[PDB]
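See structure below.
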Amino acid sequence: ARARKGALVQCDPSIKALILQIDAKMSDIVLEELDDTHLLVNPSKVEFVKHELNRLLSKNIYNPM
Amino acid sequence: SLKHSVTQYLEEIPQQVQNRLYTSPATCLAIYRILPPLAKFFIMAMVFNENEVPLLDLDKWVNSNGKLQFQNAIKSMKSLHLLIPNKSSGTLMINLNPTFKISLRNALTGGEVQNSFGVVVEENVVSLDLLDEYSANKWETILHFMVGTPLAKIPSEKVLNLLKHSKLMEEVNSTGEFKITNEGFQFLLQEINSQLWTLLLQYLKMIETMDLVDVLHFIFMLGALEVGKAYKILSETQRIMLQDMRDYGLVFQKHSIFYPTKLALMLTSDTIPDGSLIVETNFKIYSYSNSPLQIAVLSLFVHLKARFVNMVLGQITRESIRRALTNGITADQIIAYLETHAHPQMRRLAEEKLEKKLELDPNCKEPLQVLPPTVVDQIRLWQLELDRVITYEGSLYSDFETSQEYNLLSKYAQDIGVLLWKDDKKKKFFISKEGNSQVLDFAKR
Amino acid sequence: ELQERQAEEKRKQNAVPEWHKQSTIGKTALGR
Amino acid sequence: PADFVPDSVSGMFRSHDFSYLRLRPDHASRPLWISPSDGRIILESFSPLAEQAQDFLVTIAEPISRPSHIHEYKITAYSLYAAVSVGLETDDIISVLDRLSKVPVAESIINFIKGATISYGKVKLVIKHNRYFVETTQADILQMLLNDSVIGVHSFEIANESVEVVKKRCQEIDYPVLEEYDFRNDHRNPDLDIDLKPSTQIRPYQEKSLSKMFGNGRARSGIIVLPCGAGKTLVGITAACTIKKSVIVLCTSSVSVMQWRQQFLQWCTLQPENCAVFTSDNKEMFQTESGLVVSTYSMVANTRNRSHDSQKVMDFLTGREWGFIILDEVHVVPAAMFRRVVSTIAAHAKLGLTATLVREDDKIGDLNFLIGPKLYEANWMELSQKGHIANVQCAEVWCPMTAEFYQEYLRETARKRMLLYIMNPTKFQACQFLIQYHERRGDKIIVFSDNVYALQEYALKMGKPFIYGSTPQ
Ligand SMILES: Nc1ncnc2c1ncn2[C@@H]1O[C@H](COP(=O)(O)OP(=O)(O)O)[C@@H](O)[C@H]1O
Ligand code: BEF
Numbered sequence: 002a003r004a005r006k007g008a009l010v011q012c013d014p015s016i017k018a019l020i021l022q023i024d025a026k027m028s029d030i031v032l033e034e035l036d037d038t039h040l041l042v043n044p045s046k047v048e049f050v051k052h053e054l055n056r057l058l059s060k061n062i063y064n065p066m
Numbered sequence: 005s006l007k008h009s010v011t012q013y014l015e016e017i018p019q020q021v022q023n024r025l026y027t028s029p030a031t032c033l034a035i036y037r038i039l040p041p042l043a044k045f046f047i048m049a050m051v052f053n054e055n056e057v058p059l060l061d062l063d064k065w066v067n068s069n070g071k072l073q074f075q076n077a078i079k080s081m082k083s084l085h086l087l088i089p090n091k092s093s094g095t096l097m098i099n100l101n102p103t104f105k106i107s108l109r110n111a112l113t114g115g116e117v118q119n120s121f122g123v124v125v126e127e128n129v130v131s132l133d134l135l136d137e138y139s140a141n142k143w144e145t146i147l148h149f150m151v152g153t154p155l156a157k158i159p160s161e162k163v164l165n166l167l168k169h170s171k172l173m174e175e176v177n178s179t180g181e182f183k184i185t186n187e188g189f190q191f192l193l194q195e196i197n198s199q200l201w202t203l204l205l206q207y208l209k210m211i212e213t216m217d218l219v220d221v222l223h224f225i226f227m228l229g230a231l232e233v234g235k236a237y238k239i242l243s244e245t246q247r248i249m250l251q252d253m254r255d256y257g258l259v260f261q262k263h267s268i269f270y271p272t273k274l275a276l277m278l279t280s281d282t334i335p336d337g338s339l340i341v342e343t344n345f346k347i348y349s350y351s352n353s354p355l356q357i358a359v360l361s362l363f364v365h366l367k368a369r370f371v372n373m374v375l376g377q378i379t380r381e382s383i384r385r386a387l388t389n390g391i392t393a394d395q396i397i398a399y400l401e402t403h404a405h406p407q408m409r410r411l412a413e414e415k416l417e418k419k420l421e422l423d424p425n426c427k428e429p430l431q432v433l434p435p436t437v438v439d440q441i442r443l444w445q446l447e448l449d450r451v452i453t454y455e456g457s458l459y460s461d462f463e464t465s466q467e468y469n470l471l472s473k474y475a476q477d478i479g480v481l482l483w484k485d486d487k488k489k490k491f492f493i494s495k496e497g498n499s500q501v502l503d504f505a506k507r
Numbered sequence: 275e276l277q278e279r280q281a282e283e284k285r286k287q288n289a290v291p292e293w294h295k296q297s298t299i300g301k302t303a304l305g306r
Numbered sequence: 101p102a103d104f105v106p107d108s109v110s111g112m113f114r115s116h117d118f119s120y121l122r123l124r125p126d127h128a129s130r131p132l133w134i135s136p137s138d139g140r141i142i143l144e145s146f147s148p149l150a151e152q153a154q155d156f157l158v159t160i161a162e163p164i165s166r167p168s169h170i171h172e173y174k175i176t177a178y179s180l181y182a183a184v185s186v187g188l189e190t191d192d193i194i195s196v197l198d199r200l201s202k203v204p205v206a207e208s209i210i211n212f213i214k215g216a217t218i219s220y221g222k223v224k225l226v227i228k229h230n231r232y233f234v235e236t237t238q239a240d241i242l243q244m245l246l247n248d249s250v251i252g313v314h315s316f317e318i319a320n321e322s323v324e325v326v327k328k329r330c331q332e333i334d335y336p337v338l339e340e341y342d343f344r345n346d347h348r349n350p351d352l353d354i355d356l357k358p359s360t361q362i363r364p365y366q367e368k369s370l371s372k373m374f375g376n377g378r379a380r381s382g383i384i385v386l387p388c389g390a391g392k393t394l395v396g397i398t399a400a401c402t403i404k405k406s407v408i409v410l411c412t413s414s415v416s417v418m419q420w421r422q423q424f425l426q427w428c429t430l431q432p433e434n435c436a437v438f439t440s441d442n443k444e445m446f447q448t449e450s451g452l453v454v455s456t457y458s459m460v461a462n463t464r465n466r467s468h469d470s471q472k473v474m475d476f477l478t479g480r481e482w483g484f485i486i487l488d489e490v491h492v493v494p495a496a497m498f499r500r501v502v503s504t505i506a507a508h509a510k511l512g513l514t515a516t517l518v519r520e521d522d523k524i525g526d527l528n529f530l531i532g533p534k535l536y537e538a539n540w541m542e543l544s545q546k547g548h549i550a551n552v553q554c555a556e557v558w559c560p561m562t563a564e565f566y567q568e569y570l571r572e573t574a575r576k577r578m579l580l581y582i583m584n585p586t587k588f589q590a591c592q593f594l595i596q597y598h599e600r601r602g603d604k605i606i607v608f609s610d611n612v613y614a615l616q617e618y619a620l621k622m623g624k625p626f627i628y629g630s631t632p633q
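Sequences listed follow chains 5, 2, W and 7, in order. Residue numbering for the first sequence is 2 to 66, as defined by the authors' numbering. Residue numbering for the second sequence is 5 to 213, 216 to 239, 242 to 263, 267 to 282, 334 to 507, as defined by the authors' numbering. Residue numbering for the third sequence is 275 to 306, as defined by the authors' numbering. Residue numbering for the fourth sequence is 101 to 252, 313 to 633, as defined by the authors' numbering.
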């Protein structure tokens, strides 16, 4: 019997690894690993990872000028 | 869902208030028109005869084929309380509402009407020059404000208050701006008739304490009035409402006599193309439209590049689509707008594509897709990109003393539909923030 | 009948796969 | 744009709104829209006069996109420079442009057409006895060419190697050079009697390409672009058959060179005795007065290390004065060193054949002063619907990266990252299923792979043949 407030993140392996890399740079991102498709993240960092992660993914997609 | 929305509102009205709504024949004539054709046939039969007819006689009129319609018609007729079911002598006699019966008879027979249709001053005016421009501009001004495109004059606070208080055009003071919502895009998609009912229907619900019956006596009476004619002066509540209606581009006032507008008659019943566009594989847009409405709506999810007098050219971009999606517009709505506003040339070639598809293999009937399939897939794929990251709010439960307790609490959350994830091996589960309090209370008990 | 059978086989040889018939986005992603 | 009130939505178009101009009463018939600022051309393919403009536009405007209904062209200096070459003056372009345009032509567009459509046809470069003379039809040009800082009826010599410099210099100056060959009156060069056999069937687009070249009657140097497999090889055969003079062919492969000779022999009436193949295998050259040498750029562009067997052939090629050069896959000539061949070898006319006229760098535009302008280009979908080329169900399969490999993808560097996500196990499964499914369908499958290591691993895992650089011919 113990509750822990947080944000449950559901995603795919590829997104999971990206979150880990961001967690490696910023420790507070990930609070605990649940499974291969679920992660616990800090609520405050949600608004920042979502916008920054898109910039990182922008490299994989070619936007013509 | 034009009549359904209006009919649905009339059902929630109490029967005691519905009786008052039938006093004015003007409203009765409109409420008579909204019913299905079969329902109207029976109503016209019962109105002029002062007798009671068993329901079995009504069934005899309908053929076996139309039996299903007879169920919807009777259910809809009974829901409005226009048809009063009276059971006596072992028979379920059927009768019409006396007030509705009397009101209909007076109008059809030319009897006293209590000025339900108004009066005439014989001071006709020019409608195309002023009325059409005024209401079209006034109805366009609210749309430009809705679309967000700049425009000097802004709508009055009366309608603005209604918009914010309504789900349409969600606003935030902290943001300091107004943006369209999912239903807002649907509103822009609806035809002018339904596009007017939605704002009016919201107005009916917004008003509080102006009597509910008086508001309906005015709106329905407005449709009866004929454009380009004068009407003397009306209820006290209707006076402020008349000014309020002037803000919606429904009634034009010179400053004693009020003149209805084209939109007033358009409310009762219905009534190359402008707005038609071509979509290429290069995500380019070429709209054969010369009108701010088509241009304004296209800019929601299109990055315009140039324009001509007769046509407007643009290019779809991820940024423009992302901006539209951020406002809550679903890709299904976007494709519906494109499909239902496709150029005839696209339809003809698309029909040929279907004919060619059926010509080669007529066994299967593939859907008629006007625009190339790749555009739909890419637009849907862009939607998937936004939905990639999924996050919830809640609490994680762990450190359970016994598996039975872990299963009990986790099973309880599943029963109430607040469980988001669980793992038997780790004896941990996650529940939504909404169900946190319920789970905690169950844990204590 | 053989020529009709050959024509049917010829048509089958030219028919496109199933995944081309319908847009397979909603279905589960390809894999093992 | 005079006395035109801006619209409430005019801000969406940043200096691009073209509503200030008026539309002609005959818009329903005229199929053309002209952009007064960027030169973009929107074409109606479902309205009258569409076919009459589908050919004129391609000559004066390059095609950006040509989908089913609405084609998109654009007028540029290079596009105009290509049209002015084939007997076209400013008046013809303006007259047709106005007659087909729904909107009036702006003054800026008129100015642009006038400037670039008057340069062609005042300076000629001629070759005699392996000596390059810049011959001009008027004496006034001497005060220009001889006085130019770069250069150096009147005719003066010019360095053979410096051709690449003067030709680019001629682009900067008002008058560019045109390479026209009057093969009818050229008797000094030995002629070759070859013709297309009756079995040949010239497709309609092939005839149109030739008409744009021989319209005036004098062969023009330039580039012809046709879809892959459209028959670019046959295009060179037709030019050789009508010119009837010694010709040399450069092709960018060893197998392809073997393809050209077999195609030459099959399509035209060239006797085998007059044909010589200059490849790595055999190095014997024709001894007849006129013949054909089919080689590759590496055999003509190499300068440092040439074999003793290949050195005599190079002297054989250089000693004689060729009358025509066919550069197959001309998309490789503007390279750093391949451009040297155009200045060294002697030829009175030059032709370029390539299915694709685009490349990563900006040197593609240099082709104008290297071999000449682009004469003709052919659509892809137009031939697809006419049965000339097959229809394709293009597809793009998205294979998700496996979790294990993707972990190394983040830490690994760019050079090694490529190999990591190219050999994910999921791709192996998809390829095997597709191969089996398509094989039972009676379809011949081709699997491309730029990575040799992956090619061998895939080939050995599936027991199928593989080909790459080291494999012998
Ligand atoms: N007129 C024609 N008649 C018959 N076959 C032709 C004709 N034109 C081209 N082909 C065929 O097209 C194929 C490709 O020719 P090729 O010159 O290699 O094309 P490209 O160089 O444009 O890729 C060959 O099989 C050739 O025989
Ligand atoms: F394959 Be070809 F030479 F375009």
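In this text, a Cβ means the ideal position worked out from N, Cα and C, and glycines have one as well.
Simplified DSSP assignment, three categories, for residue i
| i | result |
| --- | --- |
| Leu386 (chain 7) | coil |
| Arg344 (chain 7) | coil |
| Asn76 (chain 2) | helix |
| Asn61 (chain 5) | coil |
| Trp540 (chain 7) | coil |
| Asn434 (chain 7) | helix |
| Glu449 (chain 7) | coil |
| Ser131 (chain 2) | helix |
| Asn43 (chain 5) | coil |
| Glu33 (chain 5) | strand |
| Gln11 (chain 5) | strand |
| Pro354 (chain 2) | helix |
Proximity below 8 Å, CB of residue i to CB of residue j
| i | j | result |
| --- | --- | --- |
| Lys489 (chain 2) | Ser457 (chain 2) | no |
| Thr103 (chain 2) | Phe226 (chain 2) | no |
| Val473 (chain 7) | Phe446 (chain 7) | no |
| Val409 (chain 7) | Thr514 (chain 7) | no |
| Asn434 (chain 7) | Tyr181 (chain 7) | no |
| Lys162 (chain 2) | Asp63 (chain 2) | no |
Local Cβ density within 10 Å of residue i, reported as buried at 16 or more and exposed below that
| i | result |
| --- | --- |
| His347 (chain 7) | exposed |
| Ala216 (chain 7) | buried |
| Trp540 (chain 7) | exposed |
| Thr516 (chain 7) | exposed |
| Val501 (chain 2) | buried |
| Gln356 (chain 2) | buried |
>> Check whether the stretch 325-336 of chain 7 and the stretch 243-252 of chain 7 are in contact - that is, three or more C-beta pairs closer than 8 Å.
In response: yes
> Is it a yes or a no for the stretch 152-172 of chain 2 touching the stretch 203-212 of chain 2, going by three-plus beta-carbon pairs under 8 Å?
Replying inline: They touch, by the three-pair rule.
> How would the residue list near ligand 2 read, in chain order, if you kept each one whose beta-carbon is closer than 6 Å to any heavy atom?
Replying inline: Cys388 (chain 7), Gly389 (chain 7), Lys392 (chain 7) and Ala515 (chain 7)
>> Tell me whether the stretch 9-19 of chain 5 and the stretch 443-461 of chain 2 touch, counting them as touching only if at least three CB pairs, one residue from each stretch, are closer than 8 Å.
In response: Verdict: yes, contact present.
> Does the count of Cβ pairs from the stretch 354-363 of chain 7 and the stretch 385-398 of chain 7 closer than 8 Å reach three?
Replying inline: yes
> Looking at C-beta atoms only, is the number of pairs between the stretch 199-206 of chain 7 and the stretch 123-137 of chain 7 that lie closer than 8 Å three or more?
Replying inline: yes
>> Is it the case that the stretch 485-505 of chain 2 contacts the stretch 465-476 of chain 2, given that we only count it when at least three CB pairs across the two stretches are under 8 Å?
In response: yes
> If you pair each beta-carbon of the stretch 12-28 of chain 2 with each one of the stretch 96-116 of chain 2, do three or more pairs fall below 8 Å?
Replying inline: yes
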